[PDB]
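**Student:** Supplied in structure tokens, the structure appears directly below.
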Amino acid sequence: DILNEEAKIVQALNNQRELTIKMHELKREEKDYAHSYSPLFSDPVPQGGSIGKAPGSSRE
Amino acid sequence: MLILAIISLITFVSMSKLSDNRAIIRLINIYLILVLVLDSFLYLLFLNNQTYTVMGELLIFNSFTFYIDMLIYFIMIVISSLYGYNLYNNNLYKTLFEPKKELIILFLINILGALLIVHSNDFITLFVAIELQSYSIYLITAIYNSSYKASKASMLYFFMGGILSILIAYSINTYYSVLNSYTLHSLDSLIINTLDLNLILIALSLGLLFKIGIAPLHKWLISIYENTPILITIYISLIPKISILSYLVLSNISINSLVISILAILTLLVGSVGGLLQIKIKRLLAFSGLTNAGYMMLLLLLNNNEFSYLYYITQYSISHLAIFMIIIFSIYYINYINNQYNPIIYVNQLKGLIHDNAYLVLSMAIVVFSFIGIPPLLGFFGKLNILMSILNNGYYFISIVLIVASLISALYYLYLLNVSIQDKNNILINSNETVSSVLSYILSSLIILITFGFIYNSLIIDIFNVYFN
Amino acid sequence: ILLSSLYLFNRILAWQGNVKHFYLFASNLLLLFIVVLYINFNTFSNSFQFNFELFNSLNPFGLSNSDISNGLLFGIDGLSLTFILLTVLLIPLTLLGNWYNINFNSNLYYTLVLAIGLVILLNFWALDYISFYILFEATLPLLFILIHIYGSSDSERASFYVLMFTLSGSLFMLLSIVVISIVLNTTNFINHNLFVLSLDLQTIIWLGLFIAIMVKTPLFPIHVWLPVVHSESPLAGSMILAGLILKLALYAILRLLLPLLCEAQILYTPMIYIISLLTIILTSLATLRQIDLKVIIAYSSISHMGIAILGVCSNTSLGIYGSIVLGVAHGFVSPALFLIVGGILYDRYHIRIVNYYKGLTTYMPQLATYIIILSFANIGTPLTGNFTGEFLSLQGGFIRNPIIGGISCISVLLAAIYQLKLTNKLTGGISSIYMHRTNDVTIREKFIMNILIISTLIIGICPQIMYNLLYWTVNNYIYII
Amino acid sequence: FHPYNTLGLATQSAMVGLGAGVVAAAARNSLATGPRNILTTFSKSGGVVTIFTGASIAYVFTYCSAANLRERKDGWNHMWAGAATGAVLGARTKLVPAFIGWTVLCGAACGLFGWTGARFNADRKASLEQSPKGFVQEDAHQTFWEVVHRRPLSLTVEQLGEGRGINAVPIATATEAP
Amino acid sequence: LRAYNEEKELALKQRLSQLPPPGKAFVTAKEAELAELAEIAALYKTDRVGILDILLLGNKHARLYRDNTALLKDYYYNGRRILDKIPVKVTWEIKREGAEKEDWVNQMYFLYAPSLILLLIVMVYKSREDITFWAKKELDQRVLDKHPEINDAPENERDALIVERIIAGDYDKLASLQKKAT
Amino acid sequence: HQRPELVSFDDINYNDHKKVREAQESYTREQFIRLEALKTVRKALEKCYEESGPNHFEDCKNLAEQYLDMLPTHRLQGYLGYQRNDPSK
Ligand SMILES: CCCCCCCCCCC(CCCCCCCCCC)(CO[C@H]1O[C@@H](CO)[C@H](O[C@@H]2O[C@@H](CO)[C@H](O)[C@@H](O)[C@@H]2O)[C@@H](O)[C@@H]1O)CO[C@H]1O[C@@H](CO)[C@H](O[C@@H]2O[C@@H](CO)[C@H](O)[C@@H](O)[C@@H]2O)[C@@H](O)[C@H]1O
Ligand SMILES: CCCCC/C=C/C/C=C\CCCCCCCC(=O)O[C@H](COC(=O)CCCCCCCCCCCCCCC)COP(=O)([O-])OCC[N+](C)(C)C
Ligand SMILES: CCCCCCCCCCCCCCCCCC(=O)OC[C@H](COP(=O)(O)OCCN)OC(=O)CCCCCCCCCCCCCCCCC
């Protein structure tokens, strides 16, 4: 019984170690533009001013 | 809610008599509390670290900024209680602590400036917010204009802060001249590799950091802290530091900076050593603030600093409020009142405080040992998190200097407790007037947080893992 | 229960006004409870037994029944049970040794003393680096307050020493613990011998741990705080500081250092032996020119700690058993000597200078007999646990390095010199002219001294009686291929 | 290790120390009270230019010289350089105990600086955050930040050396009869 | 046990009020005043209340009784210290031989000391389950399991035969556990 | 009388803590059995000497030599050396 209890405690401690390493790795994963900056207007490409819009100024 | 309060307060205060001041402050106090408890649920927006750009990309809202805003609200509640509630009802205390007519408006406008600095996503937002906060803080420093020291301090603040505001503006305009942009969001890893922005970004960092008084530009702010009324000093030495540091933490524009490393080392050394020969309480606390600013400055050298910064700034704010409240409470037991703006000036005036109020000295002991970093007080866990962060990233020499500075500053922290637990010849027997129930409860809540907050450490980390990852 | 017992405490305080009877009762119950735990402790098993977790996220105010361990772990094996028994034997005696000489603000004094005892007892239950470190530091502010308010004339300097030196060493230990934390993402003592760090990183982590050990033991050359702190402390402070707190360092060597940094420890052992030999010889010789009784007694502890270090770092079963036995025997005898010099003589005469004392045998024959007995116990006369500890420690040291342990054998002589030089003057000659006759030792003072002497004699005659708790321990930490 | 050019590097140091001392003299002249003219800046300098120049020469020259002589680069060279710098700065006391104290203590502080990496910011690539960590894979060599469950006994014998319990073969296996 | 009385207490206060402070209450060293000092000090060892009232009653009575006991203890111990006479028997008798229990004795002699005796007994009998005995038995059982015929031998020959078998053969398993050492 | 099953470090996975604990205890118990064998040899040697007197040099030569042979190898050695090192590599 002593061995079983100690092993259960050690298993919970290893679970906590695994969780800590997992959160460390996830926090360092790069996020999508919607999640990191803007979830509704999700296109990073600007349009600029609309007044004298010149045919041929748009470039992909 | 804040803007509404500012508008309503300007109107109401305009139509109110000088005798209504405290009542008005009380009203705003409860209003702030209500906003904290009814609007708290908005934290849900930031589940899984979702970030929102707002106001045509002028503002940024995430879990970090939401937490800083809550902390600033809590600080404003605590500090406004000190103006809305009398410590004692005698004539001397009416003379010592009376709020000015416009002070509450200046506080709320300054808080607005701070919160806008924190949420700034564009440099024009940053500059407007910085000038809002700076102008408000000058006026807050000046509003007690019967004091010679306060008026002189306000002039010094205006001029030094103006020079540093000019440095910040020049930094922003050089950034614009290089990139044709006003947002840090346009910086990418590719851009940082391709161009040398280090001089521009460090100029911006230094302009911001000298405004909260890091070394070697520390003496002017320490002078201002010494020469303001004490209830002004509690506010003006905390809020700007939080706002500027939070912005720099969230911006991450000085990672592995050699210049910031050297200035952080200098700040730790100057803050620890220069506090040793101080005999005035406010100068001692100002050097303490300088050392803790150096601790937080270290976190500007690394990514993934959010947990250690948030923990440190929270516990430091709590301890700063607690120590100023304890000093305010001890005024009743001193023999000699130095003047009406700073009723207590010298550390030696606390001598024998234990014989007059033992539990006040217990509160002092808890706060002092938290500043030193004794477990399981909150200060220990703040310092532990900072050490984990810096050693994970290879800052070995700086970790040694951090240890040395902690040991050195412990001496002037223990000075307060040392004089406070010595013997005095004429001790208090009885007194009919009791100190205010409200302020004593607030001080006790702060002490209890410092003492028992560690119990929630693992729960806090669990929540942090889902709102900041 | 807790609610009801708090009501009991409150009413006792309301009616009696002195908390000390309640504290004596609580500590006696604690000792009985630990004895009951020993009754139910399984000895045929090297696993921690009475485990519990505090401040888990699922139950911050309760015990953890969760599948994730993120709180602070506690539990005991045979090694920790030994020191826990020593602690609960000593605490009520430290309460009883100040029963009559504390008169102003006595409730706070007894609260501080009992709190320090309870913190040390919990420290021996800690099962991970962070819980250990927290309980390790928590004694420092309590000691600072106790020494500052209730110490003798130089007690301000003493309180500052006891805070600053120990903080200084502890912060380098904290660097080591942080490095372990971030490199392994685990901090517990149950499985930490399963992690094998690279030899270089081991060598670096060892330095921080050993700086803390050097200040806490203490070892040469960072020992000079201990005589001051012991000399200016009130009696309960001195008893706790010499009997319990110094043993935390030996325990730390066994629990925190050897299982994790085995290879680095092998590499560093000759440097440890240099430091310990310097400690033994130089502090023993420096004791010869002291003029304060309490300072002399304090200096004695440092040399005995050096011998214990030599035993515990010997990589032999005999050396580790000798180090533990020496720690326990010192915990019996040193508080008795501090009781004599800072409790009996100091409460009668309020002075500690050696020139004033001479020929106490005439009016106080019983005190002289106690002095003689405790002196020969302190220098390791056989049939005393001190002799067993020193002899086994020297055996292990000699095996580990024959030249260094062989030279270490001079401690027998050196300790005899300083101790018997003190007792010769204390008991012999004509009664001193500077002091008037006082009462001989009282019933309370004799009770405390008798407890300590019987304990050291029982483990001196039959040291094997500790083996049932320690036979796993003498094999758990040696590193032989 | 290819050598530092001690002479040229030291001359560069001489120039920089002279410039820094000149700047410090100008600042000292502007910040002080009492009458002050443009020539009094060196008159009332306090020898600050000499402080800067002499420290620069001592540190850079000694560091390069020790590095070249030992054919190593590590913290010990900085210990020697700090020792020489402390010697220069403690010469100003004109007392032998203080000269010795500056020598040894500046040397120790600079050795501590050199041992940590001789930098104030971090070497980011070598740091734990930018390094292979955790438990190693099948039979890979253990690197500085990595952990294993068992090391190879040959590595232990090489690193600790044979003797006082460290053996190439476990005892019971070696003393088994047939 | 209940023993309180507020009626007695509020009058004991005034019976104290006539007397000088216990610091100066015996510094004459007439005998009538000393006799009253003897009686009122003798009240210190006449226990005035038990548990049922400290638990149940309120803090005004508690504060008053506390104060009373403070002054009583001062009077008793000061008379005992100056006169050398116990304040019982009731005028200041000399009879110091016996009848002098300190307030720590019961705890230290009926809780602490029996606890220590129990610890010694437990250690003595716990030492019986020591590894040296287990390994003696285990070596014997391994030998007996490998060579069962020495069971058939009589008792007095048996032990000599187990010793012989142990001497000749290496019955440990240490090398077996060392699998990877070939 | 207890006879726990013997477990070797070489077989187990160091992540089952029950197996690792059993392997450590097995190693220590085997060392104590070896110590018992050495004590048996020494006790026989003492008996031989006390009954032989002047001719012990002849009658106890084997026992003396065997005791001196087993003295260096039959002492406690711990388990950490073997668990933390892999002899194959
Ligand atoms: C309690 C007392 C505290 C004081 C003692 C601290 C001293 C710290 C020193 C040790 C340490 C930091 C360890 C930090 C660990 C935790 C920190 C502990 C707490 C810190 C408070 C700094 O090591 C420094 O040592 C200096 C020499 O003294 C060097 O000086 C400079 O030298 C010249 C430059 O080239 C210049 O001329 C000049 O710039 C200086 O002269 C530095 O460059 C060097 O980085 C070592 O870390 C590093 O170790 C190496 C190989 O070991 C690791 O890579 C390895 O690569 C293979 C082999 O390479 C291995 O096969 C492989 O397996 C492994 O991957 C690294 O990954 C890294 O980890
Ligand atoms: C009913 C409405 C009442 C809410 C009013 C809150 C006012 C805040 C005022 C002062 C700040 C004090 C510290 C705030 C606690 C952090 C909570 C959290 O867990 O912080 C995490 C982030 O952890 C961190 O970064 C590190 C935080 C460092 C804390 C250091 C101090 C620890 C000691 C505190 C012990 C707790 C006392 C409990 C008493 C039983 C954000 O959590 P969250 O953003 O998801 O919001 C929570 C949901 N909420 C809005 C409903 C509350
Ligand atoms: C301020 C300093 C820093 C503070 C950080 C740490 C604060 C800790 C607060 C003290 C509380 C710890 C002691 C109480 C916890 C033990 C409660 C318990 O029940 O232990 C659980 C353990 C197993 O119980 P269970 O699994 O439920 O099975 C029972 C089967 N009948 O049952 C057992 O095996 C019994 C375990 C006995 C442990 C002995 C504890 C001795 C000391 C107790 C009081 C110490 C108070 C210290 C106060 C000063 C603060 C350090």
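Chains: A, B, ... in order of the structure tokens. Residues: from 1 per chain. Ligands: from 1, in order shown.
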Produce as JSON, numbers by chain the set of residues near ligand 2, where near means within 7 Å with only C-alpha atoms and all ligand atoms considered.

**Tutor:** {"B": [36, 37, 38, 40, 41, 43, 44, 63, 66, 67, 70, 71, 74, 307, 310, 311, 314, 315, 378, 449, 453, 454, 456, 457, 460, 461, 463, 464, 467]}

**Student:** If you run DSSP over the backbone, which residues in region 168-400 of chain C end up strand (DSSP E or B)? Put them as a PDB file with N, CA, C and O atoms, in the first residue's frame.

**Tutor:**
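Generated file (states26.pdb):
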```pdb
ATOM      1  N   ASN C 188      10.382  17.921  -6.531  1.00  0.00           N
ATOM      2  CA  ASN C 188      10.119  17.037  -5.403  1.00  0.00           C
ATOM      3  C   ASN C 188      11.305  16.115  -5.097  1.00  0.00           C
ATOM      4  O   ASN C 188      12.173  15.866  -5.933  1.00  0.00           O
ATOM      5  N   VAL C 196      19.396  12.801 -14.108  1.00  0.00           N
ATOM      6  CA  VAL C 196      20.844  12.902 -14.179  1.00  0.00           C
ATOM      7  C   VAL C 196      21.168  14.076 -15.094  1.00  0.00           C
ATOM      8  O   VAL C 196      21.101  13.967 -16.324  1.00  0.00           O
ATOM      9  N   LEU C 197      21.515  15.203 -14.487  1.00  0.00           N
ATOM     10  CA  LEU C 197      21.948  16.383 -15.206  1.00  0.00           C
ATOM     11  C   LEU C 197      23.362  16.175 -15.728  1.00  0.00           C
ATOM     12  O   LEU C 197      24.106  15.321 -15.246  1.00  0.00           O
ATOM     13  N   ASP C 292      33.782  34.947  27.117  1.00  0.00           N
ATOM     14  CA  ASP C 292      32.346  34.885  27.343  1.00  0.00           C
ATOM     15  C   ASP C 292      31.914  33.425  27.354  1.00  0.00           C
ATOM     16  O   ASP C 292      32.211  32.684  26.413  1.00  0.00           O
ATOM     17  N   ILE C 353      31.025  37.107  31.718  1.00  0.00           N
ATOM     18  CA  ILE C 353      32.475  37.213  31.618  1.00  0.00           C
ATOM     19  C   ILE C 353      33.123  36.140  32.481  1.00  0.00           C
ATOM     20  O   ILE C 353      32.743  35.941  33.638  1.00  0.00           O
TER      21      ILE C 353
END
```

**Student:** If we count only C-alpha atoms, what is near region 18-30 of chain A at a cut-off of 9 Å, once residues fewer than 4 positions away on the same chain are taken out, given as a ChimeraX atom specification?

**Tutor:** /A:13-14,36 /B:304,465,468-469 /C:68,185 /D:134

**Student:** Those residues you just picked out, can you put them in a file as a tab-separated table (two decimals), in the first residue's frame with N, CA, C and O atoms?

**Tutor:**
```
chain	number	residue	atom	x	y	z
A	13	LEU	N	2.73	13.96	-9.92
A	13	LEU	CA	3.82	14.91	-10.11
A	13	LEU	C	4.33	14.90	-11.56
A	13	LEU	O	4.62	15.95	-12.13
A	14	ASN	N	4.45	13.71	-12.16
A	14	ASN	CA	4.86	13.65	-13.56
A	14	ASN	C	3.80	14.24	-14.48
A	14	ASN	O	4.13	14.85	-15.50
A	36	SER	N	-4.56	36.75	-32.99
A	36	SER	CA	-3.54	37.61	-32.40
A	36	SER	C	-3.81	39.10	-32.60
A	36	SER	O	-3.30	39.90	-31.82
B	304	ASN	N	7.86	36.54	-23.31
B	304	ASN	CA	7.08	35.70	-22.40
B	304	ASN	C	7.29	36.14	-20.95
B	304	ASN	O	7.59	35.34	-20.07
B	465	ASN	N	-2.96	30.16	-17.41
B	465	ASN	CA	-2.65	29.30	-18.53
B	465	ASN	C	-3.75	29.30	-19.58
B	465	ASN	O	-3.48	29.03	-20.76
B	468	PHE	N	-3.84	33.51	-20.96
B	468	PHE	CA	-2.65	34.10	-21.55
B	468	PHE	C	-1.90	33.15	-22.46
B	468	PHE	O	-0.91	33.56	-23.06
B	469	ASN	N	-2.35	31.90	-22.58
B	469	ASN	CA	-1.86	31.00	-23.61
B	469	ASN	C	-2.96	30.78	-24.64
B	469	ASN	O	-4.06	30.36	-24.30
C	68	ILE	N	-3.42	15.83	-10.52
C	68	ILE	CA	-2.35	16.76	-10.87
C	68	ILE	C	-1.81	17.37	-9.58
C	68	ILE	O	-2.59	17.89	-8.77
C	185	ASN	N	11.70	21.07	-14.53
C	185	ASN	CA	10.26	21.27	-14.36
C	185	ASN	C	9.68	20.40	-13.25
C	185	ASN	O	8.47	20.18	-13.20
D	134	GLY	N	14.94	19.01	-21.69
D	134	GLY	CA	14.17	17.83	-21.38
D	134	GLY	C	14.98	16.56	-21.54
D	134	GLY	O	16.21	16.56	-21.65
```

**Student:** Using only C-alpha atoms and all ligand atoms, find each residue with an atom at most 9 Å away from ligand 1 and format the answer as JSON, numbers by chain.

**Tutor:** {"B": [391, 392, 394, 395, 396, 397, 398, 399, 400], "C": [172, 173, 175, 176, 178, 179, 180, 183, 198, 200, 201, 204, 205, 206, 207, 208, 209, 210, 211], "D": [67, 72, 73, 74, 75, 76, 77, 78, 111, 112, 113, 114, 115, 116, 117, 118, 119, 123, 125, 126, 127, 128, 130, 131, 132, 141, 142, 143, 144, 145, 146]}

**Student:** Need the shell around region 222-236 of chain B: protein/DNA/RNA residues with any atom at most 9 Å away, counting only C-alpha atoms. Skip same-chain ones fewer than 4 positions apart. Format as a PyMOL selection string?

**Tutor:** chain B and resi 75-76+79+82-83+97+107+137+140-142+144+147-154+156-157+213+218+240-241+280-283+286-287+290+320-321+324-325+328+340-345

**Student:** When the cut-off is 8 Å and you count only C-alpha atoms and all ligand atoms, which residues lie near ligand 3, shown as a ChimeraX atom specification?

**Tutor:** /B:375-376 /C:30,34,37,49-54,63,74-75,115-116,118-123,125,131,134-135,138

**Student:** Create the file for the chosen residues now, containing N, CA and C atoms and written as a short mmCIF file (atom, residue, chain, number, x, y, z; two decimals), in the first residue's frame.

**Tutor:**
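Wrote again-v3.cif, looks like this:
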```cif
data_model
loop_
_atom_site.label_atom_id
_atom_site.label_comp_id
_atom_site.auth_asym_id
_atom_site.auth_seq_id
_atom_site.Cartn_x
_atom_site.Cartn_y
_atom_site.Cartn_z
N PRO B 375 9.62 34.16 2.27
CA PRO B 375 8.44 33.34 2.03
C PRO B 375 7.69 33.09 3.33
N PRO B 376 6.38 32.81 3.26
CA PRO B 376 5.62 32.73 2.00
C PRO B 376 4.89 34.02 1.63
N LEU C 30 1.71 17.38 20.83
CA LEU C 30 2.41 17.17 19.57
C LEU C 30 3.45 16.06 19.69
N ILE C 34 3.44 12.52 17.60
CA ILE C 34 4.56 12.03 16.80
C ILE C 34 4.96 10.62 17.24
N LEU C 37 2.61 8.34 15.63
CA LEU C 37 2.98 8.16 14.23
C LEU C 37 4.12 7.16 14.09
N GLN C 49 5.70 7.97 3.75
CA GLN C 49 4.55 7.24 4.26
C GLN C 49 3.35 8.10 4.61
N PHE C 50 3.50 9.15 5.40
CA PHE C 50 2.35 9.93 5.84
C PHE C 50 2.19 11.19 4.98
N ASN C 51 1.94 10.97 3.70
CA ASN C 51 1.98 12.03 2.70
C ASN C 51 0.73 12.89 2.71
N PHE C 52 0.90 14.18 2.41
CA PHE C 52 -0.22 15.07 2.15
C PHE C 52 0.25 16.25 1.31
N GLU C 53 -0.69 16.85 0.59
CA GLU C 53 -0.41 18.00 -0.26
C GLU C 53 -1.26 19.19 0.16
N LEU C 54 -0.63 20.36 0.21
CA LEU C 54 -1.30 21.60 0.58
C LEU C 54 -1.35 22.55 -0.61
N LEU C 63 -6.82 19.16 1.69
CA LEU C 63 -5.85 18.18 1.24
C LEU C 63 -6.18 17.79 -0.20
N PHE C 74 4.28 17.06 1.33
CA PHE C 74 4.82 16.74 2.64
C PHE C 74 4.70 15.24 2.88
N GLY C 75 5.64 14.72 3.66
CA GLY C 75 5.70 13.31 3.96
C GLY C 75 7.02 13.01 4.62
N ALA C 115 6.17 29.19 17.60
CA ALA C 115 6.09 29.29 16.14
C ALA C 115 7.38 28.82 15.49
N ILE C 116 8.53 29.22 16.03
CA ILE C 116 9.80 28.79 15.46
C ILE C 116 9.92 27.27 15.52
N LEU C 118 7.45 25.05 15.57
CA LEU C 118 6.52 24.45 14.62
C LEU C 118 7.01 24.59 13.18
N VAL C 119 7.62 25.72 12.84
CA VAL C 119 8.16 25.91 11.50
C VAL C 119 9.27 24.90 11.22
N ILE C 120 10.17 24.69 12.19
CA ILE C 120 11.23 23.70 11.98
C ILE C 120 10.65 22.30 11.81
N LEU C 121 9.66 21.96 12.65
CA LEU C 121 9.04 20.64 12.55
C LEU C 121 8.42 20.43 11.17
N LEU C 122 7.73 21.45 10.65
CA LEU C 122 7.17 21.35 9.30
C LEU C 122 8.26 21.26 8.24
N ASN C 123 9.37 21.99 8.44
CA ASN C 123 10.50 21.93 7.52
C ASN C 123 11.00 20.50 7.35
N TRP C 125 9.16 17.90 7.42
CA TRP C 125 8.16 17.18 6.63
C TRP C 125 8.19 17.52 5.14
N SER C 131 8.85 23.89 -0.97
CA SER C 131 8.31 23.82 0.38
C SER C 131 9.43 23.83 1.42
N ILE C 134 10.78 27.44 1.63
CA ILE C 134 9.85 28.34 2.31
C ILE C 134 9.97 28.16 3.82
N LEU C 135 9.90 26.92 4.29
CA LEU C 135 10.00 26.73 5.73
C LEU C 135 11.41 27.02 6.24
N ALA C 138 11.33 30.89 6.66
CA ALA C 138 10.31 31.50 7.51
C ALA C 138 10.77 31.71 8.95
#
```

**Student:** Go through D:31, D:136, D:166, D:174 and flag the residue nearest residue 81 (chain F), using only C-alpha atoms for the distances.

**Tutor:**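 Checking each candidate against residue 81 (chain F), we get D:166 as the closest.
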